[PDB]
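Heads up: the structure comes next, in structure tokens.
A quick note on method: Cβ atoms are made from the backbone with ideal geometry, for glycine too, and the neighbour counts reach across all protein chains shown. Bear in mind that the values in this text are calculations on the coordinates, not laboratory data.
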Ligand SMILES: *[C@@H]1O[C@H](CO)[C@@H](O)[C@H](O)[C@H]1NC(C)=O
Ligand SMILES: *[C@@H]1O[C@H](CO)[C@@H](O)[C@H](O)[C@H]1NC(C)=O
Ligand SMILES: *[C@@H]1O[C@H](CO)[C@@H](O)[C@H](O)[C@H]1NC(C)=O
Ligand SMILES: *[C@@H]1O[C@H](CO)[C@@H](O)[C@H](O)[C@H]1NC(C)=O
Ligand SMILES: *[C@@H]1O[C@H](CO)[C@@H](O)[C@H](O)[C@H]1NC(C)=O
């Protein structure tokens with residue numbers, strides 16, 4: 001009855017604040033509601049804003065355009081329709097799974113990860129050092145030498 | 001008189017790793033087809049693939065390649081009734097193979113902040129120990 | 001009189017899903033007795049399209065015979081015979097066209113190069129070029145799209161495939177999409193599609209735009225946590241330096 | 001007997017500071033009665049030099065007419081006609097010639113283009129491409145240099161000149177230097193030069209070499225410098241912590 005909705009490039013790998021044109025090609029005429037999905041959360045209504053969401057109706061086609069796209073806009077986009085055909089047969093589109101790309105030149109990511117690995121190894125070493133410092137210092141402060149008087153393996157322990 | 005689940009709108013897979021598609025439908029055992037295409041309006045008709053395997057109609061690419069990016073929509077025929085799916089999208093990304101350093105940006109940067117806080121505190125406390133020691137040894141000498 | 005048989009191009013083969021054979025006859029003094037008939041090795045009758053090209057400056061004519069056959073027959077290296085009985089030819093001429101023998105296959109490796117900064121500095125125009133390298137069959141069709149709309153062949157050129165240096169049997173080609181600076185300045189997404197036989201799907205597509213850093217990485221870095229660590233570390237540096245100075249002064253007193 | 005007129009070439013004009021007008025006539029049965037001389041449109045006779053080559057294997061002789069006149073008149077598009085008469089010619093073959101149609105004559109605009117990072121990702125080979133576009137004359141000679149030495153044609157390949165869209169009568173060409181992966185690591189000097197008639201210095205060359213020429217972009221590296229200064233500050237903080245630890249240990253010890 002009302003299941004002839006069309007869509008456009010779905011994956012749409014884009015950089016932050018880029019431009020693509022959406023539409024809602026259909027073979028019917030009725031009430032329309034844009035919806036946005038992120039992750040597994042429930043469908044939610046979209047709110048129009050000038051220069052951020054452009055809504056021009058080309059007759060049976062409902063053009064859409066999203067500027068200033070950020071990471072919060074990652075998810076699935078589609079346009080609903082209302083089919084008041086005495087049976088509440090409510091149909092929907094299929095989807096447009098937008099993605100936001102990390103610009104790490106696909107190469108600096110390796111350098112950053114290697115650096116953080118260095119720093120948390122430095123954590124291991126320094127934290128061991130600063131946990132052995134207080135006890136070995138209060139032993140001298142309170143007043144090691146006794147153990148030596150009482151071999152290399154014991155010293156390591 | 002019938003519907004079909006659209007499946008994932010997009011899909012990701014590592015290069016050289018198997019990618020399996022899907023076509024879920026309410027039919028009993030009804031005719032299924034794979035019609036590969038491209039993103040937008042090109043000058044070529046959709047390229048039909050093989051017939052799939054199993055009752056579901058699942059594709060299989062044992063060694064996928066970079067050339068396999070594009071839509072993969074499944075065609076279902078059920079007693080002279082036609083219905084079009086939506087279409088997936090294969091793609092390769094070659095992710096990061098280095099899991100040693102506690103995978104998760106938030107994880108590593110959070111433990112970095114914890115590094116700063118704990119290192120500063122565990123350096124400050126030795127200062128208190130040192131001043132206490134100095135006072136006690138000065139008392140000892142006197 | 002030299003006669004040749006020409007297989008159809010890949011573009012028409014994929015467009016019509018029906019190959020068109022060619023029976024090219026040249027150096028014809030007369031055309032009233034010209035008759036091009038197409039058939040297979042088994043002798044099955046087939047319709048033949050007859051068309052005459054413009055006369056050459058030397059006075060010689062030309063003609064070609066077009067027969068519609070399925071592409072699967074060409075894939076099965078099926079043989080076809082074109083029979084020509086001309087008054088200038090002492091005897092009828094029998095020839096056969098079929099698929100060439102087995103040859104190494106290699107799908108093309110598409111690469112789309114964005115215009116150089118120096119080229120943009122003259123603010124005149126931009127030539128977007130996508131390099132297609134490493135395909136054994138020379139039958140490759142390269143097109144370009146603007147916002148998903150087909151671009152006429154008068155707006156771009158595609159060099160005929162030339163053998164790949166350092167690797168015999170492989171061919172490479174270029175395609176230059178000369179675009180006005182105003183059109184490229186609007187952040188347009190420009191793509192070239194490569195239809196080619198050796199491709200696993202027979203067609204691919206590559207994209208490039210103003211971004212030029214269109215690496216696919218989903219979301220890994222750039223979170224506000226990086227700013228959080230930077231600020232908390234600035235504070236950490238300040239406190240560490242102050243602590244060290246106070247330690248030195250408490251050593252003093 | 002066919003009479004052909006050969007316009008003078010610029011090479012000897014650059015070297016010998018003079019232009020040679022050649023009236024090459026072939027298919028000559030006999031030469032003992034031949035009378036070939038140079039002339040002008042206004043009937044002014046010219047000094048004609050007769051030079052005859054050896055017999056052609058087809059049984060026909062040949063002759064030439066050589067004249068030397070100032071280049072400036074030839075640059076002024078003066079119509080010079082070569083008079084050819086023979087005993088076998090019912091009428092003389094007077095070929096009328098002048099400067100061929102001069103055109104906009106624009107010099108090439110070379111825009112060296114770097115390899116695509118996707119191609120480098122294969123770790124196998126890279127192609128350096130230098131697009132040469134915007135020249136009127138068909139002739140053009142692209143050569144690549146390695147560390148100041150000419151690169152032989154055995155390693156690189158270049159595309160033949162083709163008309164460029166958007167401007168009739170305007171030509172362009174291309175080129176590609178395949179390089180191996182370890183060649184691209186070493187940061188060698190990849191430069192391609194262009195020889196052209198319209199070049200005011202007669203030679204031009206672009207330089208995109210080593211392993212990276214740089215690229216300015218939008219935002220993009222801001223968090224990168226933030227990360228670099230964060231790493232520097234973690235380094236300083238580590239140094240201060242180590243200094244404090246060593247001071248404490250030495251005061252204790
Ligand atoms: C709408 O459906 C009718 C009937 O099938 C068809 O003729 C027409 O082309 C369709 N319009 C669109 C935009 O698909
Ligand atoms: C619909 O889109 C076309 C193509 O962009 C445009 O020419 C036309 O004016 C649009 N409809 C309007 C604005 O009435
Ligand atoms: C929508 O239409 C289908 C097909 O007639 C029917 O099976 C389904 O129950 C309908 N849904 C609603 C909400 O009416
Ligand atoms: C459709 O059903 C017929 C039933 O015999 C079968 O032969 C055919 O292969 C089916 N379509 C497919 C699987 O392409
Ligand atoms: C899609 O591409 C075809 C082939 O180039 C073209 O005929 C058609 O007009 C394009 N889109 C539309 C508006 O139908």
Please compute the contact order of region B:1-95 in relative form: average sequence separation of alpha-carbon pairs under 8 Å and at least six residues apart, divided by the residue count, as a percent. 40
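Take D:69, C:71 and order them by how many other Cβ atoms sit within 10 Å, fewest up front. Let's see the in-between values first.
Numbers: D:69 18, C:71 14.
With the fewest neighbours first, D:69, C:71 line up as C:71, D:69.
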Here region A:1-124 gives, from Cα atoms, an Rg and Dmax in Å of 19.6, 69
Using every Cα-Cα pair within region A:30-85, state what percent have a distance larger than 16 Å. 48
Can you compute the helix-only [θ] at 222 nm over chain A? Use -39500 (n - 2.57) per DSSP H run of at least 4 residues, normalise by all residues, nearest 500 deg cm²/dmol. -9500 deg cm²/dmol
Let me test this: with uniform point scatterers at the alpha carbons of the protein assembly as shown, what is the Debye-based log₁₀ I(q)/I(0) at q = 0.08, 0.10, 0.11 1/Å? -0.98, -1.26, -1.38
Along Cα-to-Cβ, 7 Å out, sits the label point; list in nm, shortest first, how far the one on residue D:220 is from those in the other copies. 1.8
Inter-label distance, nm, simple model (7 Å from Cα along the C-beta direction), residue A:142/residue D:44: 12.0
Where is the GNM fluctuation largest for chain C (alpha-carbon springs, 10 angstrom cutoff): C:46, C:112, C:199? C:46
Across peptide D:220-232, how many C-beta atoms of other chains are within 10 Å of each residue C-beta, on average? 5
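Would you compute, from DSSP H runs of 4+ residues alone, the mean residue ellipticity of chain D at 222 nm, taking -39500 (n - 2.57) per run and dividing by the full residue count, rounded to the nearest 500?
Values: 5 runs with 52 residues, N = 253.
Computed mean residue ellipticity for chain D: -6000 deg cm²/dmol.
Counting helices only, and only those DSSP H runs with n ≥ 4, report the 222 nm mean residue ellipticity of chain B as the sum of -39,500 (n - 2.57) divided by its residues, in deg cm²/dmol to the nearest 500. Could you put the intermediate results ahead of the total?
Numbers: 1 runs with 37 residues, N = 142.
Rounded to the nearest 500, it is -9500 deg cm²/dmol.
Which value, in Å to one decimal place, does the Kirkwood hydrodynamic radius take for chain D when every pair of different Cα atoms is included?
Details: mean 1/r = 0.0407 Å⁻¹.
Taking every pair of different Cα atoms in chain D, averaging 1/r and inverting gives 24.6 Å.
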For chain B, take the longest principal axis of its alpha carbons; what is the angle in degrees between that and the long axis of helix B:105-141, to the nearest 10 within 0 to 90? 10
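Neighbour counts of other C-beta atoms within 10 Å: give me A:135, C:97, C:6 arranged from fewest to most.
Details: A:135 8, C:97 18, C:6 12.
If I rank by nearby Cβ atoms, fewest first, I get A:135, C:6, C:97.
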For chain D, set up a GNM with springs between Cα atoms under 10 Å and report which of D:121, D:58, D:27 has the largest fluctuation. D:58
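Just need the relative contact order of region A:13-100 here, percent rounded to a whole number, with Cα pairs under 8 Å and 6+ apart. All intermediate terms of the calculation are to be shown ahead of the outcome.
Working: 155 pairs, mean separation 31.5, N = 88.
In percent, rounded to a whole number, it is 36.
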What is the distance in Å between the Cα centres of region C:191-253 and region C:1-80? 61
So, in nm, how far is label residue C:87 from label residue D:15 when the simple model puts each one 7 Å beyond its Cα toward the Cβ? 5.7
Compute the whole-percent fraction of alpha carbon pairs in region D:13-77 spaced more than 16 Å apart. 55
Isotropic mean projected area of the C-alpha convex hull, region B:4-44 (nm²): 4.6
PRE zone check, label point 7 Å out along Cα-to-Cβ of residue B:94, amide N under 14 Å, scope region B:1-41, hits B:14-17
Rounded to the nearest 0.05, what FRET efficiency do residue D:204 and residue B:33 have when you use their Cβ-Cβ distance and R0 = 56 Å? 0.45
Using all alpha carbons of region B:1-79, what is the percent of pairwise distances in each 5 Å bin, ordered from the shortest bin to the longest? 3, 14, 24, 24, 19, 11, 4, 1, 0
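Taking only the Cα atoms of region A:108-156, how large is their convex hull per residue, in Å³? Working shown, then result.
Details: hull volume 3.8 nm³, N = 49.
Once divided by residue count, the hull of region A:108-156 is 77 Å³.
Quick check: from the Cα gyration tensor, does region C:72-122 come out rounded (a/c under 1.5), prolate or oblate?
Details: a/c = 5.93, a/b = 2.28, b/c = 2.60.
Here region C:72-122 falls in the oblate category.
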Shielding score for A:129-136, defined as the mean number of other chain Cβ atoms within 10 Å: 3
Return the single residue from D:60, D:229, D:191 with maximal mean-square fluctuation; model: Gaussian network over chain D, springs between Cα atoms under 10 Å. D:229
At 7 angstrom along the Cα-to-beta-carbon line, where would the label on residue C:91 sit relative to the other copies? Give the distances in nm, shortest first. 4.7
I need the shape label for region C:109-208. Rule: rounded when a/c is under 1.5, else prolate if a/b > b/c, else oblate, with a, b, c from the alpha carbon gyration tensor. prolate
What is the helix-to-structure angle for C:224-252, meaning the angle in degrees between its Cα long axis and the longest Cα principal axis of chain C, kept from 0 to 90 and rounded to the nearest 10? 30
Averaged over peptide D:33-42, how many Cβ atoms belonging to another chain are found within 10 Å of each residue's Cβ? 0
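Report the FRET efficiency, 1/(1 + (r/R0)^6), for residue C:167 and residue A:129, where r is their Cβ-Cβ distance and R0 is 51 Å, rounded to 0.05. Can you show the working numbers first?
Details: r = 58 Å, r/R0 = 1.13.
Efficiency, from the Cβ-Cβ distance: 0.35.
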Exposure proxy check: C:23, A:79, C:70 ranked by fewest other beta carbons within 10 Å? C:70, A:79, C:23
Which whole-percent values make up P(r) of chain B when all C-alpha to C-alpha distances are grouped in 10 Å steps starting at zero? 10, 25, 18, 11, 9, 7, 7, 6, 4, 2, 0
Would you calculate the separation in nanometres between label points at residue C:122 and residue A:70, each defined as 7 Å from the Cα along the Cα-to-beta-carbon direction? 4.2
